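> Provided herewith: model.cif, mmCIF, C-alpha atoms; chains and numbers go by the auth columns.
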data_structure
loop_
_atom_site.group_PDB
_atom_site.id
_atom_site.type_symbol
_atom_site.label_atom_id
_atom_site.label_comp_id
_atom_site.label_asym_id
_atom_site.label_seq_id
_atom_site.Cartn_x
_atom_site.Cartn_y
_atom_site.Cartn_z
_atom_site.B_iso_or_equiv
_atom_site.auth_seq_id
_atom_site.auth_asym_id
ATOM 1 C CA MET A 1 0.000 0.000 0.000 0.00 1 A
ATOM 2 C CA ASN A 2 1.084 3.582 -0.730 0.00 2 A
ATOM 3 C CA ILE A 3 -0.563 7.029 -1.019 0.00 3 A
ATOM 4 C CA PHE A 4 -1.468 6.468 -4.683 0.00 4 A
ATOM 5 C CA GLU A 5 -3.176 3.124 -4.053 0.00 5 A
ATOM 6 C CA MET A 6 -4.823 4.573 -0.917 0.00 6 A
ATOM 7 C CA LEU A 7 -6.344 7.506 -2.764 0.00 7 A
ATOM 8 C CA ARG A 8 -7.368 5.291 -5.715 0.00 8 A
ATOM 9 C CA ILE A 9 -9.373 3.237 -3.230 0.00 9 A
ATOM 10 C CA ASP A 10 -10.911 6.331 -1.660 0.00 10 A
ATOM 11 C CA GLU A 11 -11.601 8.258 -4.879 0.00 11 A
ATOM 12 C CA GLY A 12 -12.318 5.597 -7.498 0.00 12 A
ATOM 13 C CA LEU A 13 -11.842 6.017 -11.243 0.00 13 A
ATOM 14 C CA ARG A 14 -14.446 7.466 -13.605 0.00 14 A
ATOM 15 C CA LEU A 15 -13.628 8.591 -17.128 0.00 15 A
ATOM 16 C CA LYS A 16 -16.629 10.885 -17.673 0.00 16 A
ATOM 17 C CA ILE A 17 -17.498 14.050 -15.752 0.00 17 A
ATOM 18 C CA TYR A 18 -19.369 13.199 -12.556 0.00 18 A
ATOM 19 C CA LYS A 19 -20.425 15.007 -9.402 0.00 19 A
ATOM 20 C CA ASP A 20 -18.423 14.339 -6.267 0.00 20 A
ATOM 21 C CA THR A 21 -19.823 13.823 -2.768 0.00 21 A
ATOM 22 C CA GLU A 22 -20.390 17.598 -2.481 0.00 22 A
ATOM 23 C CA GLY A 23 -22.140 17.842 -5.860 0.00 23 A
ATOM 24 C CA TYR A 24 -19.135 19.349 -7.666 0.00 24 A
ATOM 25 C CA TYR A 25 -18.056 18.444 -11.189 0.00 25 A
ATOM 26 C CA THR A 26 -15.116 16.054 -11.072 0.00 26 A
ATOM 27 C CA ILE A 27 -13.389 13.519 -13.306 0.00 27 A
ATOM 28 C CA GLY A 28 -10.834 10.730 -13.131 0.00 28 A
ATOM 29 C CA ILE A 29 -9.476 9.852 -9.696 0.00 29 A
ATOM 30 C CA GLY A 30 -11.136 12.608 -7.694 0.00 30 A
ATOM 31 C CA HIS A 31 -9.894 15.469 -9.864 0.00 31 A
ATOM 32 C CA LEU A 32 -12.093 18.432 -8.939 0.00 32 A
ATOM 33 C CA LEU A 33 -12.864 20.539 -12.005 0.00 33 A
ATOM 34 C CA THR A 34 -14.887 23.408 -10.540 0.00 34 A
ATOM 35 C CA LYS A 35 -17.418 24.292 -7.872 0.00 35 A
ATOM 36 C CA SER A 36 -19.516 26.062 -10.510 0.00 36 A
ATOM 37 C CA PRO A 37 -22.968 24.570 -11.227 0.00 37 A
ATOM 38 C CA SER A 38 -22.185 25.109 -14.918 0.00 38 A
ATOM 39 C CA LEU A 39 -21.325 21.905 -16.787 0.00 39 A
ATOM 40 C CA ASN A 40 -19.913 24.021 -19.605 0.00 40 A
ATOM 41 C CA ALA A 41 -17.543 25.653 -17.104 0.00 41 A
ATOM 42 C CA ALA A 42 -16.482 22.191 -15.941 0.00 42 A
ATOM 43 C CA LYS A 43 -15.884 21.074 -19.536 0.00 43 A
ATOM 44 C CA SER A 44 -13.736 24.163 -20.150 0.00 44 A
ATOM 45 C CA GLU A 45 -11.630 23.403 -17.072 0.00 45 A
ATOM 46 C CA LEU A 46 -11.269 19.805 -18.224 0.00 46 A
ATOM 47 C CA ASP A 47 -10.082 20.790 -21.708 0.00 47 A
ATOM 48 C CA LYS A 48 -7.583 23.223 -20.165 0.00 48 A
ATOM 49 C CA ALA A 49 -6.313 20.551 -17.769 0.00 49 A
ATOM 50 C CA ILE A 50 -5.873 17.896 -20.470 0.00 50 A
ATOM 51 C CA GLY A 51 -4.763 20.149 -23.329 0.00 51 A
ATOM 52 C CA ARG A 52 -7.339 19.058 -25.901 0.00 52 A
ATOM 53 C CA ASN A 53 -11.053 19.241 -26.647 0.00 53 A
ATOM 54 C CA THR A 54 -12.338 16.339 -24.553 0.00 54 A
ATOM 55 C CA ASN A 55 -16.113 16.842 -24.658 0.00 55 A
ATOM 56 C CA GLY A 56 -16.161 15.606 -21.052 0.00 56 A
ATOM 57 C CA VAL A 57 -14.485 12.216 -21.547 0.00 57 A
ATOM 58 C CA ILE A 58 -10.859 11.267 -20.874 0.00 58 A
ATOM 59 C CA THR A 59 -8.713 8.145 -21.057 0.00 59 A
ATOM 60 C CA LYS A 60 -7.378 6.151 -18.119 0.00 60 A
ATOM 61 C CA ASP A 61 -3.856 7.401 -18.873 0.00 61 A
ATOM 62 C CA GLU A 62 -5.113 10.996 -18.826 0.00 62 A
ATOM 63 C CA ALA A 63 -6.921 10.380 -15.541 0.00 63 A
ATOM 64 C CA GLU A 64 -3.765 8.923 -13.992 0.00 64 A
ATOM 65 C CA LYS A 65 -1.773 11.948 -15.251 0.00 65 A
ATOM 66 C CA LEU A 66 -4.093 14.399 -13.472 0.00 66 A
ATOM 67 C CA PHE A 67 -3.949 12.141 -10.408 0.00 67 A
ATOM 68 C CA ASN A 68 -0.161 12.229 -10.269 0.00 68 A
ATOM 69 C CA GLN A 69 -0.283 16.024 -10.560 0.00 69 A
ATOM 70 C CA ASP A 70 -2.900 16.231 -7.815 0.00 70 A
ATOM 71 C CA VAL A 71 -0.952 14.030 -5.389 0.00 71 A
ATOM 72 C CA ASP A 72 2.209 16.051 -6.122 0.00 72 A
ATOM 73 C CA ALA A 73 0.203 19.240 -5.459 0.00 73 A
ATOM 74 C CA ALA A 74 -1.112 17.961 -2.134 0.00 74 A
ATOM 75 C CA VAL A 75 2.420 17.188 -0.950 0.00 75 A
ATOM 76 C CA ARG A 76 3.858 20.520 -2.080 0.00 76 A
ATOM 77 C CA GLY A 77 0.872 22.245 -0.448 0.00 77 A
ATOM 78 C CA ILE A 78 1.711 20.566 2.833 0.00 78 A
ATOM 79 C CA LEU A 79 5.406 21.494 2.616 0.00 79 A
ATOM 80 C CA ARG A 80 4.648 25.154 1.817 0.00 80 A
ATOM 81 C CA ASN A 81 2.142 25.476 4.669 0.00 81 A
ATOM 82 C CA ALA A 82 3.501 26.705 8.016 0.00 82 A
ATOM 83 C CA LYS A 83 0.875 24.752 9.981 0.00 83 A
ATOM 84 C CA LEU A 84 1.005 21.502 8.024 0.00 84 A
ATOM 85 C CA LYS A 85 4.741 21.108 7.388 0.00 85 A
ATOM 86 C CA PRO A 86 5.857 20.600 11.009 0.00 86 A
ATOM 87 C CA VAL A 87 3.102 18.013 11.526 0.00 87 A
ATOM 88 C CA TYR A 88 4.045 16.211 8.315 0.00 88 A
ATOM 89 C CA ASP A 89 7.743 16.263 9.191 0.00 89 A
ATOM 90 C CA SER A 90 6.968 14.797 12.610 0.00 90 A
ATOM 91 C CA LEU A 91 5.057 11.814 11.190 0.00 91 A
ATOM 92 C CA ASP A 92 6.078 8.377 9.944 0.00 92 A
ATOM 93 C CA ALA A 93 5.488 7.582 6.251 0.00 93 A
ATOM 94 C CA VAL A 94 2.132 5.823 6.823 0.00 94 A
ATOM 95 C CA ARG A 95 0.657 8.683 8.825 0.00 95 A
ATOM 96 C CA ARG A 96 2.141 11.112 6.269 0.00 96 A
ATOM 97 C CA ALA A 97 -0.054 9.379 3.697 0.00 97 A
ATOM 98 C CA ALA A 98 -3.123 9.949 5.868 0.00 98 A
ATOM 99 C CA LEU A 99 -2.339 13.684 5.953 0.00 99 A
ATOM 100 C CA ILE A 100 -1.826 13.799 2.179 0.00 100 A
ATOM 101 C CA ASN A 101 -5.181 12.028 1.789 0.00 101 A
ATOM 102 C CA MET A 102 -6.950 14.718 3.854 0.00 102 A
ATOM 103 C CA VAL A 103 -5.306 17.535 1.894 0.00 103 A
ATOM 104 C CA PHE A 104 -6.234 15.834 -1.395 0.00 104 A
ATOM 105 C CA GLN A 105 -9.894 15.697 -0.320 0.00 105 A
ATOM 106 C CA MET A 106 -10.353 19.061 1.485 0.00 106 A
ATOM 107 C CA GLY A 107 -7.444 21.251 0.438 0.00 107 A
ATOM 108 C CA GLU A 108 -4.428 22.632 2.281 0.00 108 A
ATOM 109 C CA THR A 109 -6.297 25.526 3.889 0.00 109 A
ATOM 110 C CA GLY A 110 -9.067 23.238 5.114 0.00 110 A
ATOM 111 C CA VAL A 111 -6.748 20.762 6.793 0.00 111 A
ATOM 112 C CA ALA A 112 -4.534 23.537 8.185 0.00 112 A
ATOM 113 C CA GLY A 113 -7.615 24.627 10.107 0.00 113 A
ATOM 114 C CA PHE A 114 -7.795 21.371 12.110 0.00 114 A
ATOM 115 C CA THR A 115 -5.634 23.087 14.742 0.00 115 A
ATOM 116 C CA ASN A 116 -6.402 20.884 17.725 0.00 116 A
ATOM 117 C CA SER A 117 -6.186 17.607 15.765 0.00 117 A
ATOM 118 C CA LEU A 118 -2.857 18.696 14.279 0.00 118 A
ATOM 119 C CA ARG A 119 -1.487 19.428 17.749 0.00 119 A
ATOM 120 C CA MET A 120 -2.544 16.008 19.008 0.00 120 A
ATOM 121 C CA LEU A 121 -0.901 14.365 15.988 0.00 121 A
ATOM 122 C CA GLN A 122 2.289 16.398 16.623 0.00 122 A
ATOM 123 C CA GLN A 123 2.186 15.205 20.253 0.00 123 A
ATOM 124 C CA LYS A 124 1.684 11.632 18.971 0.00 124 A
ATOM 125 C CA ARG A 125 -1.419 11.271 21.136 0.00 125 A
ATOM 126 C CA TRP A 126 -2.907 8.957 18.549 0.00 126 A
ATOM 127 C CA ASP A 127 -6.172 7.884 20.206 0.00 127 A
ATOM 128 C CA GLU A 128 -6.950 11.446 21.252 0.00 128 A
ATOM 129 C CA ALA A 129 -6.192 12.779 17.750 0.00 129 A
ATOM 130 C CA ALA A 130 -8.486 10.131 16.303 0.00 130 A
ATOM 131 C CA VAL A 131 -11.348 11.174 18.598 0.00 131 A
ATOM 132 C CA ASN A 132 -10.857 14.849 17.741 0.00 132 A
ATOM 133 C CA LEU A 133 -10.634 14.263 13.974 0.00 133 A
ATOM 134 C CA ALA A 134 -14.075 12.643 13.994 0.00 134 A
ATOM 135 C CA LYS A 135 -15.732 15.744 15.499 0.00 135 A
ATOM 136 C CA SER A 136 -15.934 17.308 12.063 0.00 136 A
ATOM 137 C CA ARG A 137 -18.160 18.029 9.093 0.00 137 A
ATOM 138 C CA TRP A 138 -15.641 15.890 7.179 0.00 138 A
ATOM 139 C CA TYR A 139 -16.343 12.809 9.255 0.00 139 A
ATOM 140 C CA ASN A 140 -20.099 13.334 9.263 0.00 140 A
ATOM 141 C CA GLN A 141 -20.403 13.822 5.492 0.00 141 A
ATOM 142 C CA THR A 142 -17.935 11.073 4.480 0.00 142 A
ATOM 143 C CA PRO A 143 -17.775 8.763 7.517 0.00 143 A
ATOM 144 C CA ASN A 144 -16.532 5.571 5.916 0.00 144 A
ATOM 145 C CA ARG A 145 -13.633 7.327 4.199 0.00 145 A
ATOM 146 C CA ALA A 146 -12.892 9.452 7.262 0.00 146 A
ATOM 147 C CA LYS A 147 -12.893 6.284 9.404 0.00 147 A
ATOM 148 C CA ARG A 148 -10.243 4.739 7.148 0.00 148 A
ATOM 149 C CA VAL A 149 -8.077 7.844 7.232 0.00 149 A
ATOM 150 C CA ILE A 150 -8.521 8.213 10.992 0.00 150 A
ATOM 151 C CA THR A 151 -7.631 4.539 11.585 0.00 151 A
ATOM 152 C CA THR A 152 -4.458 5.155 9.591 0.00 152 A
ATOM 153 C CA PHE A 153 -3.580 8.087 11.899 0.00 153 A
ATOM 154 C CA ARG A 154 -4.485 6.092 15.016 0.00 154 A
ATOM 155 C CA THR A 155 -2.465 2.973 14.189 0.00 155 A
ATOM 156 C CA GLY A 156 0.239 3.960 11.722 0.00 156 A
ATOM 157 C CA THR A 157 -0.745 0.858 9.749 0.00 157 A
ATOM 158 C CA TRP A 158 -2.582 0.227 6.502 0.00 158 A
ATOM 159 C CA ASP A 159 -5.154 -1.980 8.258 0.00 159 A
ATOM 160 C CA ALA A 160 -8.165 0.042 7.062 0.00 160 A
ATOM 161 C CA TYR A 161 -7.143 -0.375 3.407 0.00 161 A
ATOM 162 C CA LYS A 162 -6.505 -4.135 3.364 0.00 162 A
#
Go ahead and express the file in the form of structure tokens.

Amino acid sequence: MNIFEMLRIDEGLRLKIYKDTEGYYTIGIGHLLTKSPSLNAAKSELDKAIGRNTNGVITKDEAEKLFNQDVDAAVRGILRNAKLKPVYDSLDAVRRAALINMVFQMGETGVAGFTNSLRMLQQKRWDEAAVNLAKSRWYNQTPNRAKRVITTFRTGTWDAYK
């Protein structure tokens, strides 16, 4: 297991524009296109992202390309963020993947706001961090995915993904 396989499990793969769990136009492996209710706007973003006129459909290779860019972006977002970087640096590689997963789903600014959870993770108070992480809109709206990510933080194992 690794961050790519983990997020593939959590995000799936769809080659046509779909709406994500928040109702936002998305494609591939959880690649958010726009929060606009306009499908045409989403199609424009998609064509820009891929570099051709797609008409809302991409190939698996193209989906995996966006995915690699998006994982890369999540990591660089963490490293450039003054709140997230020290937490990330303090973690083992498995728990680092859990943090990347959160940033992929909610964005750097969103995760950086989990101030008390981040402190508990930095303190390596794993059970406490897990309890705090679940007191969130995140957990309530996507509980099965949040449970997997939280288990990964609690245990430092890949148990929730096998």
> Rounded to one decimal in Å, what is the spacing between atom CA of residue A:145 and atom CA of residue A:58?
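That distance, rounded to one decimal, is 25.5 Å.
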> Could you pull the residues within 10 Å of residue A:162, counting only C-alpha atoms, minus those fewer than 2 positions along the same chain, as a list in words?
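Answer for this query is residues 1, 6, 157, 158, 159 and 160 of chain A.
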> The selected residues should be written to file as a JSON list (two decimals), in the coordinates of the input (atoms: C-alpha atoms).

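New file selection-v9.json:
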[["chain", "number", "residue", "atom", "x", "y", "z"],
["A", 1, "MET", "CA", 0.00, 0.00, 0.00],
["A", 6, "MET", "CA", -4.82, 4.57, -0.92],
["A", 157, "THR", "CA", -0.74, 0.86, 9.75],
["A", 158, "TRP", "CA", -2.58, 0.23, 6.50],
["A", 159, "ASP", "CA", -5.15, -1.98, 8.26],
["A", 160, "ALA", "CA", -8.16, 0.04, 7.06]]
> Which residues would end up in the selection if the PyMOL selection byres ((chain A and resi 99) around 9) were applied here, given that I need the answer as a short mmCIF file (atom, residue, chain, number, x, y, z; two decimals) with C-alpha atoms, keeping the file's coordinate frame?

data_model
loop_
_atom_site.label_atom_id
_atom_site.label_comp_id
_atom_site.auth_asym_id
_atom_site.auth_seq_id
_atom_site.Cartn_x
_atom_site.Cartn_y
_atom_site.Cartn_z
CA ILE A 78 1.71 20.57 2.83
CA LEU A 84 1.00 21.50 8.02
CA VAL A 87 3.10 18.01 11.53
CA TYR A 88 4.04 16.21 8.32
CA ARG A 95 0.66 8.68 8.82
CA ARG A 96 2.14 11.11 6.27
CA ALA A 97 -0.05 9.38 3.70
CA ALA A 98 -3.12 9.95 5.87
CA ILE A 100 -1.83 13.80 2.18
CA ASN A 101 -5.18 12.03 1.79
CA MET A 102 -6.95 14.72 3.85
CA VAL A 103 -5.31 17.54 1.89
CA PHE A 104 -6.23 15.83 -1.40
CA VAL A 111 -6.75 20.76 6.79
CA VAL A 149 -8.08 7.84 7.23
CA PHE A 153 -3.58 8.09 11.90
#
> With distances taken over all atoms listed in the file, which residue among A:131, A:57, A:29, A:73 lies nearest residue A:10?
A:29
> Which residue gives the smallest distance to residue A:55 among A:147, A:16, A:31, A:76, with only C-alpha atoms counted?
A:16
> Go through stretch 42-151 of chain A residue by residue and, counting all atoms listed in the file, keep those with an atom at most 12 Å from stretch 19-22 of chain A; for each kept residue give the shortest atom pair and its distance in Å to one decimal, ordered by chain and increasing number, as a Markdown table.

| residue | atom | partner | partner_atom | distance |
| --- | --- | --- | --- | --- |
| A:42 | CA | A:19 | CA | 10.5 |
| A:105 | CA | A:21 | CA | 10.4 |
| A:106 | CA | A:22 | CA | 10.9 |
| A:137 | CA | A:22 | CA | 11.8 |
| A:138 | CA | A:22 | CA | 10.9 |
| A:141 | CA | A:21 | CA | 8.3 |
| A:142 | CA | A:21 | CA | 8.0 |
| A:143 | CA | A:21 | CA | 11.6 |
| A:145 | CA | A:21 | CA | 11.4 |
> Which one of A:27, A:139, A:146, A:79 sits closest to residue A:62 if you count all atoms listed in the file?
A:27
> Hey, can you pull every residue with an atom no more than 12 Å from (-19.1, 23.2, -17.3), using only C-alpha atoms, and send it as a PyMOL selection string?
chain A and resi 17-19+24-27+32-48+55-56
> Would you compute the distance between atom CA of residue A:61 and atom CA of residue A:75? Give it in Å to one decimal.
21.4 Å
> Could you tell me how far atom CA of residue A:77 sits from atom CA of residue A:133, in Å to one decimal place?
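According to the coordinates, atom CA of residue A:133 and atom CA of residue A:77 are separated by 20.1 Å.
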> Using the file's own x, y and z axes, so that the box edges lie along x, y and z, what centre and edge lengths in Å (one decimal) does a box around every listed atom of stretch 93-97 of chain A get when 6 Å is added on each side? Give it as JSON.

{"center_x": 2.7, "center_y": 8.5, "center_z": 6.3, "size_x": 17.5, "size_y": 17.3, "size_z": 17.1}
> Quick check on the file I pasted: which residues fall under the PyMOL selection byres ((chain A and resi 64) around 10)? Write them as a VMD selection string.
chain A and resid 4 8 13 28 to 29 31 59 to 63 65 to 70
> Dump C-alpha atoms for the selected residues as a PDB file, keeping the file's coordinate frame?

ATOM      1  CA  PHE A   4      -1.468   6.468  -4.683  1.00  0.00           C
ATOM      2  CA  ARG A   8      -7.368   5.291  -5.715  1.00  0.00           C
ATOM      3  CA  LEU A  13     -11.842   6.017 -11.243  1.00  0.00           C
ATOM      4  CA  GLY A  28     -10.834  10.730 -13.131  1.00  0.00           C
ATOM      5  CA  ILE A  29      -9.476   9.852  -9.696  1.00  0.00           C
ATOM      6  CA  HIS A  31      -9.894  15.469  -9.864  1.00  0.00           C
ATOM      7  CA  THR A  59      -8.713   8.145 -21.057  1.00  0.00           C
ATOM      8  CA  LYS A  60      -7.378   6.151 -18.119  1.00  0.00           C
ATOM      9  CA  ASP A  61      -3.856   7.401 -18.873  1.00  0.00           C
ATOM     10  CA  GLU A  62      -5.113  10.996 -18.826  1.00  0.00           C
ATOM     11  CA  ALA A  63      -6.921  10.380 -15.541  1.00  0.00           C
ATOM     12  CA  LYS A  65      -1.773  11.948 -15.251  1.00  0.00           C
ATOM     13  CA  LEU A  66      -4.093  14.399 -13.472  1.00  0.00           C
ATOM     14  CA  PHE A  67      -3.949  12.141 -10.408  1.00  0.00           C
ATOM     15  CA  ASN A  68      -0.161  12.229 -10.269  1.00  0.00           C
ATOM     16  CA  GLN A  69      -0.283  16.024 -10.560  1.00  0.00           C
ATOM     17  CA  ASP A  70      -2.900  16.231  -7.815  1.00  0.00           C
TER      18      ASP A  70
END
> Could you tell me which of A:14, A:52, A:154, A:148 comes closest to residue A:127 if we count only C-alpha atoms?
A:154
